[PDB]
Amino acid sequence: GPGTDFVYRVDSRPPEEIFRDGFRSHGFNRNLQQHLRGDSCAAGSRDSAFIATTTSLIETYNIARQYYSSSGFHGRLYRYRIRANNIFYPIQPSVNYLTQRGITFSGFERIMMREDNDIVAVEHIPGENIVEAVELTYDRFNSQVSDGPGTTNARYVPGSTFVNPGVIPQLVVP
């Protein structure tokens, strides 16, 4: 309904798995800077506490392009639309908190976070939060990403819910 926070996630797993199981984080590592760099995700230590999402549809195409054009990447990508709730945190309050704690974000990191569309979910997004999926198509010759077939999650639970506006609890502060 009106006002509800929705986010997107690009993932290689298909709706049949994801609508049923939802998303689960790699692990329980709450080092946010590590996560935001990608160091604790699939290409890294694979123990991130967080599940990455974005508010920006425009950003999802670019994320998908990055994955599609990487060497050894095969298979498909889907854009999931997700209802956000108190499991979801915009990163800015936490970045501000880490900064007050003496953690340094480089000029480059701050440029990457500039548009403020990043939202992380902690531990688990239920299948019932996921509205729908769209298979993404890739034309490697013109670096073009478009929407393929869409699928609706019949198990979606409607409601008007919002992100947690605060700092992520139990953050790791080295």
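From 1 onward, residues are counted along the sequence shown.
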Should the higher mean CA B-factor in the entry be assigned to 125 to 133 or to 101 to 109?
101 to 109
According to the deposited model, is the average Cα temperature factor higher in 64 to 72 or in 24 to 32?
64 to 72
Among the candidates 43, 119, 145, 58, give the one with the maximum CA B-factor reported in the record.
43
Chain third (lowest, middle, highest) by recorded CA B-factor, residue given as residue 154:
highest
